[PDB]
């Protein structure tokens, strides 16, 4: 299943990845960011509906200098003490947020259109693939509409969220280790269930992959 999913990712397709019944119990739509299109963004906002985020391998975040948003807030809590009252001290370690900064490519206007978000994401993967790390600040601004996620060091070895799982899968496909993901939301107000997302994959002929499968394959 993993290998089949790698083939789909290499073709610029969206695949579906479920984490686990024990964790978020959620399914994310996933694309290799280097192949993102305005169409992917439209399908994600319409059919998934969660936040559209772009996950980056730890090595990339270290080269760009991108930290966890929690670390940015903790440092800033010195001046803005409310950020201290909002500390996420009640979240299980395994679920600690992968949230990083938000950005827009400077060439975008409002930054929120499908065209703008696909451009912002595609230009970021372009910059990273080409190794023009220093051009990051020249080309992008923060805050913005595209949320970046920082994957854990050692990926699925230390954290098993969609952030790690999907980046691990892009690494395994020999692609730039950056993915764009969006949680699938249901009409009952909760996350779409595993059976409901498996059903969506069958209808739209997309690959449905199990998180444990990626984890086992990678490890």
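Positions refer to the first chain, counted from 1.
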Per the entry, higher mean C-alpha B factor between 191-199 and 17-25: 17-25
118-126 or 86-94, whichever carries the higher mean Cα B-factor: 86-94
Residue with maximal Cα B-factor (values as given in the PDB entry) among 153, 39, 47, 183: 153
Deposited CA B-factor, highest of 113, 145, 108, 78: 78
Chain-relative CA temperature factor third for residue 73: highest
Entry-reported Cα temperature factor of residue 157, expressed as the chain third it lands in: highest
Where the record places residue 55 (Cα B-factor, split into thirds across the chain): middle
Chain thirds of CA B-factor: placement of residue 163: lowest
Residue 132 CA temperature factor, ranked by third within the chain: middle
